[PDB]
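> this is the structure alone, sequence omitted:
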Ligand SMILES: CO[C@H]1CN(Cc2cncs2)CC[C@H]1C
(Lines give C-alpha, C1' and ligand atoms only; values in the text may rest on other atoms or scores of the structure.)
Protein backbone atom coordinates (compact mmCIF):
# COMPACT_ATOMS: atom_id res chain seq x y z
CA UNK A 1 0.00 0.00 0.00
CA UNK A 2 0.94 3.74 -0.39
CA UNK A 3 -1.02 5.14 2.68
CA UNK A 4 2.15 5.85 4.81
CA UNK A 5 2.09 9.67 3.97
CA UNK A 6 -1.28 9.99 5.92
CA UNK A 7 0.60 8.90 9.11
CA UNK A 8 -0.82 10.49 12.31
CA UNK A 9 0.79 10.51 15.80
CA UNK A 10 -1.67 8.65 18.06
CA UNK A 11 -1.53 8.85 21.89
CA UNK A 12 -3.67 6.91 24.38
CA UNK A 13 -6.33 8.64 26.54
CA UNK A 14 -5.75 7.47 30.19
CA UNK A 15 -9.28 8.63 31.16
CA UNK A 16 -10.94 6.05 28.83
CA UNK A 17 -8.77 3.11 29.97
CA UNK A 18 -10.09 0.15 31.93
CA UNK A 19 -8.83 0.53 35.51
CA UNK A 20 -6.40 -2.46 35.18
CA UNK A 21 -4.46 -0.95 32.23
CA UNK A 22 -0.97 0.54 32.54
CA UNK A 23 -0.17 3.24 29.94
CA UNK A 24 3.45 4.33 29.47
CA UNK A 25 4.62 7.91 30.28
CA UNK A 26 4.78 8.74 26.51
CA UNK A 27 1.11 7.50 26.12
CA UNK A 28 2.31 5.22 23.26
CA UNK A 29 2.17 1.77 24.99
CA UNK A 30 -0.46 -0.07 27.03
CA UNK A 31 -0.53 -3.42 28.84
CA UNK A 32 -2.78 -5.37 31.23
CA UNK A 33 -1.76 -5.03 34.90
CA UNK A 34 -2.15 -7.92 37.38
CA UNK A 35 -4.44 -5.77 39.62
CA UNK A 36 -6.57 -2.56 39.75
CA UNK A 37 -4.22 0.39 38.95
CA UNK A 38 -5.54 2.66 41.79
CA UNK A 39 -7.41 5.19 39.56
CA UNK A 40 -10.85 6.73 40.26
CA UNK A 41 -13.87 5.46 38.25
CA UNK A 42 -15.46 7.73 35.59
CA UNK A 43 -18.17 7.41 32.91
CA UNK A 44 -15.54 7.19 30.06
CA UNK A 45 -13.75 3.98 31.32
CA UNK A 46 -14.45 0.67 29.59
CA UNK A 47 -15.61 -1.40 32.61
CA UNK A 48 -15.86 -5.02 31.35
CA UNK A 49 -12.87 -5.41 28.97
CA UNK A 50 -9.18 -4.28 28.78
CA UNK A 51 -9.99 -1.45 26.30
CA UNK A 52 -8.71 2.11 25.80
CA UNK A 53 -9.19 4.85 23.16
CA UNK A 54 -6.75 7.17 21.40
CA UNK A 55 -7.02 10.84 22.39
CA UNK A 56 -7.32 11.94 18.74
CA UNK A 57 -10.81 12.46 17.16
CA UNK A 58 -11.26 12.29 13.37
CA UNK A 59 -14.29 13.70 11.46
CA UNK A 60 -12.71 14.11 7.93
CA UNK A 61 -9.64 13.16 5.88
CA UNK A 62 -7.35 10.18 5.55
CA UNK A 63 -5.43 8.84 8.59
CA UNK A 64 -2.88 5.99 8.98
CA UNK A 65 -1.13 4.51 12.03
CA UNK A 66 0.69 1.29 13.03
CA UNK A 67 0.44 -0.93 16.12
CA UNK A 68 2.96 -3.52 17.38
CA UNK A 69 1.29 -6.81 18.56
CA UNK A 70 4.51 -8.88 19.01
CA UNK A 71 4.06 -12.09 21.12
CA UNK A 72 0.38 -11.44 22.00
CA UNK A 73 -2.20 -14.25 22.00
CA UNK A 74 -5.31 -12.00 21.91
CA UNK A 75 -6.14 -8.34 21.04
CA UNK A 76 -8.66 -6.18 19.16
CA UNK A 77 -7.63 -3.15 17.00
CA UNK A 78 -9.38 -0.57 14.84
CA UNK A 79 -11.56 2.54 15.25
CA UNK A 80 -14.83 3.32 16.91
CA UNK A 81 -17.39 6.09 17.29
CA UNK A 82 -16.71 8.53 20.12
CA UNK A 83 -20.18 7.62 21.52
CA UNK A 84 -19.73 3.80 21.86
CA UNK A 85 -21.08 2.15 25.03
CA UNK A 86 -18.41 1.98 27.82
CA UNK A 87 -20.24 -0.05 30.55
CA UNK A 88 -21.40 -3.67 30.57
CA UNK A 89 -21.27 -6.35 27.87
CA UNK A 90 -21.37 -5.65 24.12
CA UNK A 91 -20.13 -7.13 20.81
CA UNK A 92 -17.66 -5.38 18.48
CA UNK A 93 -19.73 -4.67 15.34
CA UNK A 94 -20.41 -1.75 12.98
CA UNK A 95 -24.01 -1.69 14.35
CA UNK A 96 -22.48 -0.90 17.82
CA UNK A 97 -20.03 1.68 16.35
CA UNK A 98 -16.82 -0.44 15.95
CA UNK A 99 -14.65 -1.24 12.87
CA UNK A 100 -12.13 -3.76 14.20
CA UNK A 101 -10.13 -6.98 13.63
CA UNK A 102 -8.84 -9.35 16.30
CA UNK A 103 -6.67 -12.31 17.17
CA UNK A 104 -8.29 -14.99 19.38
CA UNK A 105 -7.34 -18.69 19.87
CA UNK A 106 -4.84 -18.80 16.99
CA UNK A 107 -7.34 -17.32 14.40
CA UNK A 108 -7.79 -13.78 13.02
CA UNK A 109 -11.33 -12.41 12.41
CA UNK A 110 -12.96 -9.14 11.32
CA UNK A 111 -15.57 -7.67 13.70
CA UNK A 112 -18.57 -7.91 11.36
CA UNK A 113 -21.89 -9.37 12.65
CA UNK A 114 -21.46 -12.24 12.45
CA UNK A 115 -17.59 -12.20 12.44
CA UNK A 116 -15.61 -12.92 9.24
CA UNK A 117 -12.65 -15.32 8.99
CA UNK A 118 -9.37 -13.62 7.88
CA UNK A 119 -6.74 -15.43 5.73
CA UNK A 120 -3.26 -14.59 7.10
CA UNK A 121 -0.29 -16.79 6.04
CA UNK A 122 2.35 -14.66 7.92
CA UNK A 123 1.24 -13.90 11.54
CA UNK A 124 1.64 -10.11 11.86
CA UNK A 125 3.95 -8.47 14.43
CA UNK A 126 2.75 -4.95 13.33
CA UNK A 127 -0.70 -3.93 11.94
CA UNK A 128 -1.34 -0.82 9.78
CA UNK A 129 -4.77 0.88 10.07
CA UNK A 130 -6.04 3.24 7.36
CA UNK A 131 -9.24 5.34 7.66
CA UNK A 132 -10.76 7.32 4.78
CA UNK A 133 -13.56 9.28 6.47
CA UNK A 134 -15.18 10.67 3.30
CA UNK A 135 -15.06 7.34 1.43
CA UNK A 136 -16.40 5.34 4.45
CA UNK A 137 -13.40 2.90 4.45
CA UNK A 138 -11.35 1.24 7.23
CA UNK A 139 -8.50 -1.02 6.00
CA UNK A 140 -5.97 -3.21 7.83
CA UNK A 141 -2.48 -4.12 6.55
CA UNK A 142 0.10 -6.80 7.54
CA UNK A 143 3.35 -4.76 7.98
CA UNK A 144 5.35 -8.03 8.63
CA UNK A 145 4.23 -9.30 5.14
CA UNK A 146 5.31 -6.21 3.07
CA UNK A 147 2.01 -4.38 3.78
CA UNK A 148 -0.37 -7.05 2.36
CA UNK A 149 -4.12 -6.33 2.80
CA UNK A 150 -5.82 -8.09 5.73
CA UNK A 151 -9.37 -6.63 5.52
CA UNK A 152 -11.40 -3.67 4.17
CA UNK A 153 -14.65 -2.42 5.71
CA UNK A 154 -16.39 -0.39 3.00
CA UNK A 155 -19.74 1.44 2.95
CA UNK A 156 -19.00 2.36 6.59
CA UNK A 157 -21.63 4.54 8.30
CA UNK A 158 -19.38 6.23 10.94
CA UNK A 159 -22.28 8.50 12.16
CA UNK A 160 -19.93 10.56 14.39
CA UNK A 161 -16.32 11.44 15.22
CA UNK A 162 -13.96 8.40 15.21
CA UNK A 163 -11.34 7.44 17.80
CA UNK A 164 -8.51 4.89 17.58
CA UNK A 165 -9.61 1.73 19.48
CA UNK A 166 -7.45 -0.83 21.37
CA UNK A 167 -8.07 -4.01 23.43
CA UNK A 168 -4.93 -5.60 24.99
CA UNK A 169 -6.98 -8.75 25.82
CA UNK A 170 -7.19 -10.72 29.05
CA UNK A 171 -4.23 -12.68 30.40
CA UNK A 172 -5.91 -15.78 31.90
CA UNK A 173 -3.23 -17.95 30.14
CA UNK A 174 -0.08 -16.13 31.40
CA UNK A 175 0.94 -15.90 27.69
CA UNK A 176 -0.75 -12.55 26.81
CA UNK A 177 1.03 -10.00 29.09
CA UNK A 178 2.89 -8.21 26.25
CA UNK A 179 1.85 -4.60 25.44
CA UNK A 180 0.27 -2.98 22.39
CA UNK A 181 2.70 -0.27 21.18
CA UNK A 182 2.11 2.61 18.75
CA UNK A 183 5.04 2.37 16.27
CA UNK A 184 7.05 5.46 15.30
CA UNK A 185 6.45 7.29 11.97
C1 LIG B 1 -15.28 -7.76 34.03
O2 LIG B 1 -14.04 -7.29 33.51
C3 LIG B 1 -13.09 -6.88 34.49
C4 LIG B 1 -12.34 -8.15 34.86
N5 LIG B 1 -11.40 -7.82 35.93
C6 LIG B 1 -10.83 -9.02 36.58
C7 LIG B 1 -10.00 -9.92 35.72
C8 LIG B 1 -8.69 -9.85 35.44
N9 LIG B 1 -8.11 -11.02 34.99
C10 LIG B 1 -9.06 -11.80 34.57
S11 LIG B 1 -10.65 -11.32 34.96
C12 LIG B 1 -10.39 -6.90 35.41
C13 LIG B 1 -11.02 -5.58 34.99
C14 LIG B 1 -12.14 -5.78 33.99
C15 LIG B 1 -11.58 -6.07 32.59
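The structure has been received and is ready for your questions. Numbers count the residues shown, from 1 in each chain.

> close to the ligand: what parts of this protein are there?
18, 20, 48, 49, 50, 170, 172 (Cβ under 6 Å from any ligand atom). C-beta: built from backbone N, CA, C; applies to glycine.

> need those residues in TSV (columns: neighbour count and secondary structure).
Output for the residues of the chain next to the ligand, formatted as TSV (neighbours: other Cβ atoms under 10 Å; DSSP: H, G, I helix; E, B strand; the rest coil):
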residue	neighbour count	secondary structure
18	22	coil
20	17	coil
48	12	coil
49	16	coil
50	25	coil
170	13	coil
172	9	coil
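
> quick one: the strands in the protein, in order.
Along the chain, counting by DSSP state E, strands occupy 21-23, 29-32, 51-53, 62-68, 75-81, 98-104, 107-110, 116-117, 126-132, 137-142, 148-153, 162-167, 180-182.

> any chance of these in JSON lines, plus mean neighbour count?
Putting the strands of the chain into JSON lines (neighbours: other Cβ atoms under 10 Å) gives the following:
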{"stretch": "strand 21-23", "mean neighbour count": "19"}
{"stretch": "strand 29-32", "mean neighbour count": "19"}
{"stretch": "strand 51-53", "mean neighbour count": "24"}
{"stretch": "strand 62-68", "mean neighbour count": "19"}
{"stretch": "strand 75-81", "mean neighbour count": "23"}
{"stretch": "strand 98-104", "mean neighbour count": "22"}
{"stretch": "strand 107-110", "mean neighbour count": "17"}
{"stretch": "strand 116-117", "mean neighbour count": "11"}
{"stretch": "strand 126-132", "mean neighbour count": "21"}
{"stretch": "strand 137-142", "mean neighbour count": "21"}
{"stretch": "strand 148-153", "mean neighbour count": "17"}
{"stretch": "strand 162-167", "mean neighbour count": "24"}
{"stretch": "strand 180-182", "mean neighbour count": "22"}
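
> tell me which of the ones you listed sits nearest to residue 11.
With Cβ to Cβ as the criterion, residue 11 lies closest to strand 180-182 of the strands of the chain, at 7.5 Å.

> that closest one pairs with which strands?
strand 29-32 (antiparallel), strand 62-68 (antiparallel) (DSSP bridges).

> fine by me, thanks again.
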